[PDB]
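First the structure, in the form of structure tokens, and then the observations on it.
The analysis underlying the following values was restricted to heavy atoms, covering all of them including side chains, and did not include hydrogens, waters or symmetry mates. Counting starts at 1 for both ligands and their atoms, following the listed order. The sequence lines fix the lettering, A, B, ..., with proteins before strands; numbering per chain opens at 1.
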Protein chains: 2
Amino acid sequence: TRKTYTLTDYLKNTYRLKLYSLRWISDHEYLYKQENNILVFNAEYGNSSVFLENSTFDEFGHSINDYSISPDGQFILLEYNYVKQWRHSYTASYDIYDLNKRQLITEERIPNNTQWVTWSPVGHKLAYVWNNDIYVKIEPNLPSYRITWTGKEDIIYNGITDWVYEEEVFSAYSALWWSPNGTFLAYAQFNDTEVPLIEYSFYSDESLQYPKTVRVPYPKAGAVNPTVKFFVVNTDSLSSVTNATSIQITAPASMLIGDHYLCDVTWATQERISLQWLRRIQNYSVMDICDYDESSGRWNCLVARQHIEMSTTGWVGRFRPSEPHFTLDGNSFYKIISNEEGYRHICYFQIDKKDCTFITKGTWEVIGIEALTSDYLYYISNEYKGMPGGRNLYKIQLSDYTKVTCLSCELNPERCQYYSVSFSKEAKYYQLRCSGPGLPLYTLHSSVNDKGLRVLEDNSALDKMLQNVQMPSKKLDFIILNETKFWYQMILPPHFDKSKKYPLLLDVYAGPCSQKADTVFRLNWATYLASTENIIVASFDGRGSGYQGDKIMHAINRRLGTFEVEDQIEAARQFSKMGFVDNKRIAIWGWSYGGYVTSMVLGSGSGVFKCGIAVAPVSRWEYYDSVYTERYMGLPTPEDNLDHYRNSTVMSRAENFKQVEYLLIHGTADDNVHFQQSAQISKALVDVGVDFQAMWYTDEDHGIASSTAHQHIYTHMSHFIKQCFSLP
Amino acid sequence: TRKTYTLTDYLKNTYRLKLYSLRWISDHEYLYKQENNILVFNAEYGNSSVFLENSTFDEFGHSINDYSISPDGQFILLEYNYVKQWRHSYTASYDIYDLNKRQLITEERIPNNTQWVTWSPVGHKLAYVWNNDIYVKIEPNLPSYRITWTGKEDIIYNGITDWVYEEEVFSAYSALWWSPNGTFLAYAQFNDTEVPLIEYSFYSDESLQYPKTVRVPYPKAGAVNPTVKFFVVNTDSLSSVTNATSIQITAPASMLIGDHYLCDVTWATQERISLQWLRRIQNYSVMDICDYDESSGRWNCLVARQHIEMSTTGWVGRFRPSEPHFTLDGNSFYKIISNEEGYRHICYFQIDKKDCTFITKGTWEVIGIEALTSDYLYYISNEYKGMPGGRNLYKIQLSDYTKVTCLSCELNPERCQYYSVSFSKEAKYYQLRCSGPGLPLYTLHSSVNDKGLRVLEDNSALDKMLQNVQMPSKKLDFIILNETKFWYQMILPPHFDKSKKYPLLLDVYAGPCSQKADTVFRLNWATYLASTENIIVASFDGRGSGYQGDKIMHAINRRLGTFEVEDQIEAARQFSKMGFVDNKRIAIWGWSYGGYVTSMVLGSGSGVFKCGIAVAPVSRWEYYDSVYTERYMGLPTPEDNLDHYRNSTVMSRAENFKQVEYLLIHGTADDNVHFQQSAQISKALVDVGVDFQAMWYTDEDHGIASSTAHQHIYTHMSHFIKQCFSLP
Ligand SMILES: CN(C)C(=O)[C@@H]([C@H]1CC[C@H](c2cccc3ncnn32)CC1)[C@H](N)C(=O)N1CC[C@H](F)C1
Ligand SMILES: CN(C)C(=O)[C@@H]([C@H]1CC[C@H](c2cccc3ncnn32)CC1)[C@H](N)C(=O)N1CC[C@H](F)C1
Ligand SMILES: *[C@@H]1O[C@H](CO)[C@@H](O[C@@H]2O[C@H](CO)[C@@H](O)[C@H](O)[C@H]2NC(C)=O)[C@H](O)[C@H]1NC(C)=O
Ligand SMILES: *[C@@H]1O[C@H](CO)[C@@H](O[C@@H]2O[C@H](CO)[C@@H](O)[C@H](O)[C@H]2NC(C)=O)[C@H](O)[C@H]1NC(C)=O
Ligand SMILES: *[C@@H]1O[C@H](CO)[C@@H](O[C@@H]2O[C@H](CO)[C@@H](O)[C@H](O)[C@H]2NC(C)=O)[C@H](O)[C@H]1NC(C)=O
Ligand SMILES: *[C@@H]1O[C@H](CO)[C@@H](O[C@@H]2O[C@H](CO)[C@@H](O)[C@H](O)[C@H]2NC(C)=O)[C@H](O)[C@H]1NC(C)=O
Ligand SMILES: *[C@@H]1O[C@H](CO)[C@@H](O[C@@H]2O[C@H](CO)[C@@H](O)[C@H](O)[C@H]2NC(C)=O)[C@H](O)[C@H]1NC(C)=O
Ligand SMILES: *[C@@H]1O[C@H](CO)[C@@H](O[C@H]2O[C@H](CO)[C@@H](O)[C@H](O)[C@H]2NC(C)=O)[C@H](O)[C@H]1NC(C)=O
Ligand SMILES: *[C@@H]1O[C@H](CO)[C@@H](O[C@H]2O[C@H](CO)[C@@H](O)[C@H](O)[C@H]2NC(C)=O)[C@H](O)[C@H]1NC(C)=O
Ligand SMILES: *[C@H]1O[C@H](CO)[C@@H](O[C@@H]2O[C@H](CO)[C@@H](O)[C@H](O)[C@H]2NC(C)=O)[C@H](O)[C@H]1NC(C)=O
Ligand SMILES: *[C@H]1O[C@H](CO)[C@@H](O[C@@H]2O[C@H](CO)[C@@H](O)[C@H](O)[C@H]2NC(C)=O)[C@H](O)[C@H]1NC(C)=O
Ligand SMILES: *[C@@H]1O[C@H](CO)[C@@H](O)[C@H](O)[C@H]1NC(C)=O
Ligand SMILES: *[C@@H]1O[C@H](CO)[C@@H](O)[C@H](O)[C@H]1NC(C)=O
Ligand SMILES: *[C@@H]1O[C@H](CO)[C@@H](O)[C@H](O)[C@H]1NC(C)=O
Ligand SMILES: *[C@@H]1O[C@H](CO)[C@@H](O)[C@H](O)[C@H]1NC(C)=O
Ligand SMILES: *[C@@H]1O[C@H](CO)[C@@H](O)[C@H](O)[C@H]1NC(C)=O
Ligand SMILES: *[C@@H]1O[C@H](CO)[C@@H](O)[C@H](O)[C@H]1NC(C)=O
Ligand code: NA
């Protein structure tokens with residue numbers, strides 16, 4: 001009898017998914033790491049050579065965390081002493097290796113504790129942030145030019161984001177943008193002077209006698225936000241003037257009237273930069289397009305080139321206003337915008353005309369624009385077979401919009417329905433990344449004729465191994481409610497028999513624009529639960545979910561904690577009605593927004609669920625950050641949406657928890673969803689006399705991803721579920 | 001057939017013990033609160049009169065927390081707006097009611113947020129502390145004199161103790177000492193300027209958007225300690241035009257050489273005061289005896305009247321050097337000190353003589369000196385029947401030490417073997433409080449011929465109720481380990497049948513000088529476990545325990561976490577050999593020091609225990625405070641006792657928890673044994689891959705005593721124990 005996929009298999013990663021991560025260095029070559037040495041491949045023929053022998057730095061004295069070759073291939077940036085900070089930020093030491101003369105640079109070295117470093121887009125200039133100020137090096141071995149002098153720990157951030165801009169606005173730590181050929185360096189400056197601090201203890205190693213108090217400028221809903229300023233400096237003048245002037249580009253008067261955010265920066269040409277602002281009440285965005293005035297050294301943004309977006313049935317964009325993709329001459333651009341029917345499609349704009357032209361349409365959505373050439377625009381969408389959970393690459397002829405070719409749909413329709421892509425520098429070649437429903441498949445293609453060049457990685461090794469395992473199957477389908485279809489997926493135990501009653505675990509997330517029913521292949525906790533414990537693990541995308549139009553996505557606008565919670569309960573009822581579910585054993589679990597929904601469901605009094613597990617849950621929206629929360633909830637004030645803020649807390653449903661088995665889990669150093677959120681849930685339960693299970697994870701954050709903690713939480717949750725389902 | 005003592009009975013206090021808390025106001029009368037009314041009783045005949053009507057303050061407008069009548073009976077201090085701080089500290093608002101003119105005082109009232117207040121010992125002067133400074137009021141309606149002006153929150157403490165002196169040294173917030181007739185007011189001043197701060201989050205009500213960070217000057221082992229100065233001020237010569245002058249009494253030179261503490265202050269006469277200082281290495285104490293010099297208005301402490309105490313086998317005193325008990329003329333005093341055999345007995349000192357004479361002796365110990373007259377010294381000891389866990393009142397004839405009379409031993413030997421006493425002002429009368437093995441019994445007696453005047457409270461009402469309940473019994477016995485007897489107690493289930501095998505729960509504390517095997521009657525969690533769940537709850541006093549001599553108590557000197565832990569395993573090992581114990585179901589639990597020992601035991605790899613519960617445990621001695629920790633462990637430096645500090649942590653034994661079920665509980669706002677201690681335990685268990693159960697209690701301190709948390713924890717622990725013992 002074949003063995004099953006066990007918890008240890010999952011926690012020990014015995015069945016490794018292979019991938020093929022390459023880095024395009026030009027329009028025909030990419031770097032690939034093999035046997036620890038860096039190889040360089042010729043896309044056209046597939047041949048290669050050793051770019052950097054794995055022995056080059058065997059005596060460097062440190063373990064290199066990552067590397068980075070300058071655009072002109074003359075230098076390599078070595079990163080070490082990596083110290084993670086938030087989701088994207090981290091600190092590290094850096095050294096530069098001169099590839100030509102094959103030597104390490106020992107003078108004018110990048111400072112220790114550098115917060116961020118980036119090569120210019122061309123050549124080998126370097127811009128970095130250290131002690132919250134920006135510095136530029138024209139040559140790797142020469143002295144740096146100081147660009148800002150205002151940097152101040154936890155107060156003024158130049159070139160880097162503060163906590164909330166990192167996590168919610170830019171999804172990146174850097175706040176600097178080189179112009180195309182590297183002449184100009186644009187950057188933002190954040191001022192968190194009056195932003196309140198979240199404070200929590202960090203215990204560290206046992207040797208630390210007194211716990212440390214971590215203090216981070218973090219604006220909770222309705223609190224004082226950081227303010228921001230934008231500047232551009234001409235780096236080509238640095239070696240000619242003692243102190244190059246950073247020219248500020250101010251936000252439009254429509255933004256200065258109140259609190260606002262800088263939500264996008266995209267260079268259009270060597271002398272044209274576009275930037276976008278968003279009002280704190282995120283239903284109005286303004287994009288400015290600014291040209292360099294070579295006679296005044298200033299930047300001017302013609303109001304005739306200003307573009308505005310306004311919210312209709314909800315907020316603006318999926319998670320932020322959409323980014324612009326400029327044609328080469330910088331005189332027009334494309335943005336994904338929801339059309340009159342509520343579906344997000346590509347709209348083509350002339351920089352000085354306010355009305356754009358939709359070039360795609362249909363009851364489906366464009367996921368992203370991937371590349372743009374003089375003749376074609378390439379994008380990913382879920383048009384194929386009307387499956388919102390599928391993803392394919394398409395190419396549209398710019399001179400004839402009726403000519404749309406799907407590049408990935410038919411390659412291997414049964415094995416591949418979820419694609420991501422990576423084009424070479426000028427889109428001459430592209431690597432396709434198939435992630436499901438079958439095993440991941442990586443292929444390389446020629447753009448000139450859209451012909452497959454060769455398979456890069458097919459996971460044949462893993463496929464061989466999995467043949468000796470009773471793997472679970474995955475079903476993706478929909479149910480119709482109120483004449484609209486909602487998708488769901490089920491991870492089904494091996495040899496699934498529909499005449500039997502299986503216990504069911506509802507795996508939920510359900511945040512705004514979320515998607516938990518898709519065609520991606522995953523090896524995770526649910527795999528073990530289905531394969532070894534014979535538990536059906538399901539997920540449902542109800543109101544509030546994404547990629548299916550505004551009608552569904554905006555249903556929870558200003559109403560978090562309502563429909564997305566109820567649809568999850570209704571989903572469970574619908575699943576039991578399918579007849580292969582044991583009504584006495586229906587559980588529910590989620591992490592993050594999933595923890596919030598799980599708790600709301602467990603405290604709803606529905607009686608449908610026997611037990612549930614919430615990991616790092618939000619419990620009351622006033623505890624979460626301003627940018628994310630206010631986008632969907634507005635402000636927590638009586639003149640706006642306070643009533644719903646107070647009506648959507650987990651705490652107010654404490655008494656109903658007497659009807660279920662609850663397990664609450666949270667990392668104590670969670671900088672994102674503060675441990676505070678679960679501390680208030682537990683106290684509310686204690687106050688009404690409800691018994692429950694709990695687990696805190698010392699010094700773990702929102703990912704509870706350290707090796708030991710990861711294994712410990714899934715082991716702990718496994719016992720809770722098996723116990724709840726009376727499983728040996 | 002009748003009901004058992006249930007968990008709800010314990011949690012809802014269904015069965016309550018009646019008390020008789022009286023307040024002696026002279027040598028002939030005492031105050032007693034009845035029907036919310038304050039009555040005055042004549043000890044001789046038992047007749048009384050109403051002293052204060054319960055309705056007198058029906059329109060006071062504030063809920064009165066407590067009251068304090070001035071010594072002369074003329075005034076009553078009304079305490080309200082009570083806000084708890086640490087174990088003894090709290091702030092409150094006060095009002096003074098004139099009992100002669102039956103009127104509330106409205107002029108010059110005590111400020112709000114007063115930290116401590118106290119009447120002079122005679123008459124009606126007042127001394128209080130506010131904003132860390134001392135104030136004196138000669139009359140309740142007159143303006144107060146400012147005594148100190150250096151008071152500074154968390155830095156300078158005048159008249160009140162800082163965290164460590166409150167908890168570990170004086171067991172009181174107050175640091176003011178009135179002379180016998182109220183003329184002088186002595187006080188200590190603490191300086192915490194360089195004491196590190198423990199920091200932890202306080203979440204508060206749900207409405208608080210950002211958690212608050214509590215910061216408390218708290219010296220952990222080896223850290224910088226607060227410094228102290230001592231002053232005496234004449235309150236009969238205060239001026240409303242000039243600032244009060246405080247006379248300092250510097251510590252002796254042998255103390256000023258290094259870090260030290262003030263550990264006792266005791267007035268001997270109207271013009272003689274004694275002080276005792278202890279070196280930071282708590283093995284050397286120096287008592288000074290100072291006289292007021294009318295000529296220079298200074299206080300002189302003759303070196304000839306200096307008394308030194310040194311420790312050979314361990315530290316000095318049980319928890320601190322013993323207090324002196326001066327005769328009427330203040331020329332000699334009595335103090336409990338360990339004799340040459342290591343047994344604590346009463347020693348008679350001459351103020352200008354180095355050697356003291358022991359007046360009691362034997363293989364037992366004097367627990368405390370209770371009253372002194374020219375003819376007799378009254379004290380409590382565990383001499384009767386050689387039972388270290390029993391307590392009786394004795395009097396010894398000062399003119400003939402061979403004449404010792406037990407005053408409580410034979411009153412009711414079956415019901416009463418544990419007494420406490422309260423003497424009237426000049427020891428003319430005494431109230432005996434019997435607390436076990438039977439129901440509490442309170443009686444009044446006259447000293448002249450030791451007549452038993454009357455029964456004040458006999459709990460006959462509770463006795464009648466308990467007759468309808470299947471109550472457990474208590475067996476107190478001993479086992480012999482290496483020629484030494486060690487005592488234990490077992491709470492046995494109703495109808496105990498020695499032919500059956502019962503599961504056993506070892507209830508442990510085991511800290512230095514602890515005693516968990518005694519004759520006290522208690523209604524607690526163990527009562528329910530034995531009565532309703534038929535679980536035997538045992539406690540054992542092994543090496544390190546108190547009241548049995550230094551040989552036993554000092555066995556763990558400089559070695560906490562060794563013998564006291566080993567002896568608990570040995571006792572369980574023995575209990576498990578008895579015919580009535582189920583060796584497959586032996587558990588262990590403890591709180592505080594008890595949590596540390598339980599964790600050390602569960603991590604010992606002994607295999608004797610199936611499961612255990614640790615509530616707010618200490619996990620590594622460097623996390624606990626200096627005064628308590630260094631007393632038993634010395635300093636955590638390589639030259640002193642660092643290796644043992646490092647070998648005695650719970651964390652180093654994590655791997656051994658693989659074969660036991662462990663439940664770890666801790667309040668997040670524990671200012672005493674910081675949540676840090678458990679946070680480090682949980683991390684070590686996660687690091688070795690050991691699963692366990694946990695529960696944190698939001699905003700609860702070391703007592704986890706709020707009504708809801710109390711009920712929640714015992715409910716959660718009860719489910720854990722039953723589950724471990726397979727009890728329905
Ligand atoms: C799902 N996920 C990772 C998130 O929602 C987090 C981010 C992710 C990037 C988004 C985001 C921001 C800007 C561009 C962009 N393009 C795609 N996403 N995206 C903005 C939301 C969120 N901050 C969070 O941690 N919680 C935690 C509890 C509450 F549920 C929200
Ligand atoms: C039992 N108990 C309440 C204590 O031991 C606490 C105090 C009580 C007064 C004592 C004390 C001090 C001065 C005189 C005196 N006379 C009698 N006791 N006593 C000194 C010890 C201790 N600070 C503590 O909380 N922990 C917590 C974990 C570690 F176990 C010690
Ligand atoms: C991949 O192989 C090709 C062809 O073999 C290599 O092309 C070289 O190109 C240079 C520049 O035009 C010529 O001077 C050489 O003669 C070519 N070499 C050969 C063998 O034909 C190319 O360098 C290889 N690329 C890698 C990364 O190995
Ligand atoms: C960051 O913002 C703060 C405002 O919150 C600025 O601080 C003010 O600066 C002015 C001018 O120096 C002072 O008069 C105010 O008293 C300051 N207010 C506060 C609250 O500090 C600060 O200058 C800004 N810093 C930068 C670099 O822009
Ligand atoms: C480079 O120019 C900037 C911009 O003026 C200088 O920054 C100013 O410095 C002065 C004095 O230190 C401050 O009063 C101003 O508020 C600063 N303005 C800004 C925008 O920071 C900076 O000091 C100059 N650096 C050098 C070396 O001269
Ligand atoms: C990058 O683009 C910049 C901006 O267009 C170029 O700089 C200009 O170059 C022209 C000469 O063709 C000068 O007359 C202008 O004064 C320059 N403008 C500025 C702001 O410096 C620059 O030459 C380009 N760099 C490269 C390597 O092509
Ligand atoms: C409390 O005791 C003090 C000190 O013995 C008494 O004050 C002394 O009284 C005598 C006699 O009147 C004077 O000669 C001294 O000068 C006083 N000494 C001081 C320091 O004041 C005081 O009278 C007593 N108070 C009561 C109520 O008995
Ligand atoms: C207890 O009883 C005595 C009477 O035996 C009370 O009376 C004594 O004190 C009274 C006021 O203090 C006087 O009015 C009596 O004359 C006096 N009698 C004697 C014989 O001394 C006494 O007050 C009572 N005490 C209480 C608290 O009620
Ligand atoms: C309280 O103690 C501090 C020291 O812990 C006293 O200040 C001293 O220490 C300072 C360093 O913190 C030195 O810089 C000072 O010179 C030294 N003396 C003074 C007067 O500050 C402080 O005075 C003490 N306060 C009181 C009221 O005694
Ligand atoms: C301490 O605070 C209390 C409450 O503020 C003060 O008591 C009175 O409070 C009322 C309102 O509740 C005010 O109108 C009065 O002015 C306050 N004083 C009096 C005498 O009524 C109290 O005054 C404060 N303590 C002191 C010493 O002033
Ligand atoms: C009081 O206890 C201390 C600490 O144990 C003793 O001081 C020294 O302790 C070290 C161990 O840390 C020993 O090696 C020394 O022999 C001790 N003496 C000295 C002078 O350092 C101290 O001796 C004890 N005092 C008494 C009277 O027993
Ligand atoms: C590169 O280093 C690896 C060690 O990670 C070694 O196994 C391999 O043989 C080296 N590459 C070559 C081509 O030898
Ligand atoms: C970084 O710090 C290390 C350790 O202090 C030091 O030896 C090294 O020279 C530093 N590097 C730079 C570039 O300053
Ligand atoms: C802008 O947002 C506010 C608050 O959400 C709303 O009242 C207003 O109607 C919105 N305007 C538009 C054009 O959507
Ligand atoms: C005082 O109040 C209590 C209840 O608070 C009441 O029962 C009692 O009768 C009152 N005292 C008197 C003397 O009536
Ligand atoms: C008393 O001392 C304080 C603080 O030193 C001072 O401010 C005040 O003026 C003094 N009053 C007199 C009468 O000296
Ligand atoms: C005596 O018993 C103790 C425990 O009570 C043990 O540690 C010791 O080794 C035994 N022998 C001696 C000589 O103390
Ligand atoms: Na009697």
Side-chain angles (χ1 to χ4, degrees), chain A residues 22-34 37-53 60-62 64 69 73 77-83 91-97 99 104-115 117 126 128 130-131 135 137 140-144 424 429 444 453-454, chain B residues 221-222 254-255 257-260 278-286 307-317 321 337-338 340 342 512 550 554-560 626 629-645:
Chain A
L22 54 74
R23 306 177 179 190
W24 287 109
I25 69 166
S26 68
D27 205 34
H28 348 261
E29 301 196 309
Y30 64 78
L31 292 175
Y32 182 65
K33 215 164 183 169
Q34 195 168 73
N37 27 278
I38 298 175
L39 287 58
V40 58
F41 286 76
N42 176 286
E44 202 182 323
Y45 304 122
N47 67 298
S48 61
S49 305
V50 172
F51 184 86
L52 205 59
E53 205 45 280
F60 181 62
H62 296 281
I64 298 170
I69 293 88
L77 186 73
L78 301 183
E79 175 186 286
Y80 60 107
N81 280 331
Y82 167 88
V83 187
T91 46
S93 294
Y94 301 81
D95 273 306
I96 297 170
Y97 182 74
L99 286 172
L104 212 65
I105 295 174
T106 48
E107 45 221 55
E108 299 296 327
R109 293 167 62 202
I110 290 161
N112 286 317
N113 310 310
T114 282
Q115 301 160 293
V117 180
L126 279 166
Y128 61 96
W130 179 72
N131 284 171
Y135 293 83
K137 282 163 73 72
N141 75 302
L142 300 181
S144 294
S424 58
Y429 300 96
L444 198 65
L453 293 174
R454 60 202 160 264
Chain B
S254 61
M255 221 47 87
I257 57 171
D259 285 351
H260 54 281
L278 181 64
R279 285 177 162 167
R280 189 166 174 166
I281 304 294
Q282 309 182 44
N283 68 357
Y284 185 93
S285 74
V286 175
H307 297 83
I308 299 178
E309 263 181 79
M310 297 177 95
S311 61
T312 285
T313 50
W315 55 94
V316 178
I337 66 181
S338 179
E340 301 286 355
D550 293 348
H554 288 169
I556 57 182
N557 182 226
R558 298 179 56 85
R559 264 82 175 102
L560 301 191
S626 60
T629 312
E630 298 166 17
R631 175 191 300 131
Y632 310 111
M633 294 281 280
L635 298 166
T637 62
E639 326 76 61
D640 190 352
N641 199 37
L642 180 60
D643 299 331
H644 185 63
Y645 265 91

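For atom 10 (C) of ligand 11, no protein heavy-atom neighbour is present inside the 4.0 Å cut-off. Within a 4.0 Å radius of atom 2 (O) of ligand 13, the protein contributes one or more non-hydrogen atoms. Distance remark: protein heavy atom present below 4.0 angstrom from atom 26 (C) of ligand 11. Taking a distance limit of 4.0 Å, we find that atom 18 (N) of ligand 11 is approached by no protein heavy atom. Proximity of atom 5 (O) of ligand 13 to the protein is not indicated, since no non-hydrogen protein atom lies closer than 4.0 angstrom.
Residue, atom and distance of the protein heavy atom nearest to atom 10 (C) of ligand 13 are A/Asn112 ND2, 2.4 Å. Closest protein heavy atom to atom 9 (O) of ligand 13: A/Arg109 NH1, 3.8 Å.
Residue contact check: A/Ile110 has heavy atoms under 4.0 Å from atoms 13 (C) of ligand 13. Interface of B/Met310 with ligand 11, defined as ligand atoms under 4.0 Å from a residue heavy atom, comprises 27 (C).
When heavy-atom distances to ligand 13 are checked against a 4.0 Å cut-off, A/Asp95 has no atom that comes that close, whether in backbone or side chain.
At a 3.5 angstrom cut-off on N or O pairs, B/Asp640 counts as close to ligand 11.
B/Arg280 pairs by the salt bridge (charged side-chain N to carboxylate O under 4.0 Å, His left out) definition with B/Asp259, B/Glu630, not counting sequence neighbours.
Protein residues with a heavy atom closer than 4.0 Å to ligand 3 are A/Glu29, A/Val40, A/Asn47, A/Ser48, A/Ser49, listed by chain and number.
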Original post:
Can you list the steps and then say if A/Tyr128 with A/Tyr94 is a ring pair (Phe, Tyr, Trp, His ring centres under 6.0 Å)?
Top reply: CA-CA 11 Å; A/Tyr128 61 96; A/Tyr94 301 81; 8.8 Å; no
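The backbone N or O of B/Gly634 lies less than 3.5 Å from a partner atom in the side chain of B/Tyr645, making a donor-acceptor pair.
Across every non-hydrogen atom of A/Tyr30 and A/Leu444, the tightest pair is CE2-CD2, 4.1 Å.
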